[PDB]
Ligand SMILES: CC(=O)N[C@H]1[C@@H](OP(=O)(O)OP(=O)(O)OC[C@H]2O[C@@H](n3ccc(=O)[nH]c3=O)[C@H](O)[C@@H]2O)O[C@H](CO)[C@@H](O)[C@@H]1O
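Only one chain is given next, in structure tokens, and it is the form deposited without this ligand.
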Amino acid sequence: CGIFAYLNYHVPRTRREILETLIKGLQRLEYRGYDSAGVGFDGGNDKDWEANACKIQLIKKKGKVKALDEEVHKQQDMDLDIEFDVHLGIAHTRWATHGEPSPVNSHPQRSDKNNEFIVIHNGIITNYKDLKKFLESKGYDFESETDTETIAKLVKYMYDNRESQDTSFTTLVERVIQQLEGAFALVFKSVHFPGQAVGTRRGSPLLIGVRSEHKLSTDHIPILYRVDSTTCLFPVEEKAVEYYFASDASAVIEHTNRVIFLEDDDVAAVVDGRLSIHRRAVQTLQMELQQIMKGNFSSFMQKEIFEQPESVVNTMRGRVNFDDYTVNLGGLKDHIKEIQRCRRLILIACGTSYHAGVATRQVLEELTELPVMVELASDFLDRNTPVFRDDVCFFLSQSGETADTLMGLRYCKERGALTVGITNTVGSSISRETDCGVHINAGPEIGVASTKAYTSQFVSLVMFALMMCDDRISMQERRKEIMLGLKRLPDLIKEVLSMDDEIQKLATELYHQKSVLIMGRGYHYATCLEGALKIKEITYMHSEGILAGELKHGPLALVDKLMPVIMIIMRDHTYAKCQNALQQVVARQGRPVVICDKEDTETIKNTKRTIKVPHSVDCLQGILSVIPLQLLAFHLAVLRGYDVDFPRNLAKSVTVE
């Protein structure tokens, strides 16, 4: 889900400039949820903007943001020309994991049939059922099935039983969160508090951006405890200021790079155009707009695939020195010594991030000599897996906010393990709560299906492995071999990308099929698993990854001349075993596509369809073998008329149950 609100204080904006700012903000957040959207602004058509802050208009519609963008426009009642000197507008895109994605369930929610309080919520309230029964007895009627509505009907209940006639908007929100259980990121708007916003979070991201041509009164807002000119953030001499509430930074970078990342239970409140926190550091974001633009590509997923030569280079920047063959991950300098005294490595993650652990498990075992265990986070938790004080637990999460991965982290901390975060988002929960960690530095990933995150995690774990063995004489040559492979890896990725048209042709032969089996073993077990997941996610074909050594134990019965098959056969120590699996497939009349090395003349002669990739080091070849399957999934989705950036039934980053 996504949160975005635009508060222009004494910065005249017409009702069109505002709605186009809310929609544009949701477009920056759409990748976090695109099942429905909605906006909440001030209604009325009075020239004097002051007489309009008592009327709240809600425009909510099912579908992506573009469905709401048209619903907002071509309306017969809203006059888009009213100039507002002060105005607050809130917006929200929803990932409807439950129920119907109807406008009634979309946000902003309301507290009554006159819109006295409207709230946009990211998260879950684990006790909304109890809150629902309490509010219904007092005389409140519910309309939607969402847990967010209980937050709107409750902020009004605290307002209908206040002690003084002018209790601050903060005090009302404070009494609400004290009754809410679970995680949430909230942004309130009320007719009684015109222009005033309140932003509180608990286990969910929520920052506040600020723009103003004038100087700001401070760069460290002091948190308060139940508010003068030496306490609030505001322009000194004048009042011109623009705020940007948002659950992510991509929705604010376009307007400003000065945000204030809140913290759990911090109740921010903009009053009279002054930001004050209740219960900070105005900082510059280290992000360029170009990082979240498609550039000259028609989709984010395509950009992020073809930019892997660059994102791989950025992952190694300032960390790999090829002149002297040294590896230094600054994030682990203070802990690498104690990590080596531990006795087991555990990798915990979900989805594609879990595959990154599978793809590097073997080389981690080789260079550390430690037992390495790779766990799906959801099953890790279900089994109450045993963890000990001398375990080193890695948590792979591009977003750094995945629910199951994050709960596994707190589980391992409680048991005394040493925790390490491999993330792509700075300031994320997983990056903060681990003892140490590494930012893979692949840049923002906007596509729902992870591509560069996978290859960057891959490289990051290999660099860690290289540190763990830099004192072993017997492993020096093996280290050099791997590092030379990394030096040559960016260009070899470019070579794979130059086969784009040859992949697209093979896709024209498969798009009509219902299933495809992707078979590999050893280093390329993860490759066939990740490729199957990618084809599932964006093409909707029933693709499954099968461990090649397991074919003879049952799954081979499914192969006939009609079943499409993709096999991975690389020139490593399992080559002969992979050739035997291939012969078993052919015996069953299978006609597979084989991803193989360019020099594998034997395979190239005896197979019609081959995808010939350049040879790298055996423990890096998985990066080159997966890219064709990224490209194949892309072209298949295009051939089938589907969107590669907005696959049905889900969104990016699972931060709730």
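Numbers for residues come from their place in the sequence shown, where the first is 1.
Below, we refer to the form deposited with this ligand bound, which is not included among the displayed structures.
Taking non-hydrogen atoms only, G330 approaches this ligand to within 4.5 angstroms in the entry with it bound. Heavy atoms of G209 never reach within 4.5 Å of this ligand in the entry with it bound, leaving it off the interface. This ligand is not shown here, and in the entry with it bound it never comes within 4.5 Å of any heavy atom of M567. Not displayed here, this ligand is kept clear of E495 by more than 4.5 Å at the level of heavy atoms in the entry with it bound. Contact with this ligand in the entry with it bound, defined as a heavy atom within 4.5 Å, holds for exactly one of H439, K413, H278, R571, namely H439.
Note on the partner interface in the entry with it bound: the residue among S190, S247, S431, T170 having a heavy atom within 4.5 angstroms of this ligand is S431. Proximity of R319, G421 and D435 to this ligand in the entry with it bound is complete: all three residues have a non-hydrogen atom within 4.5 angstroms. The stretch among 422-430, 482-490, 572-580, 509-517 whose residues place heavy atoms within 4.5 Å of this ligand in the entry with it bound is 422-430.
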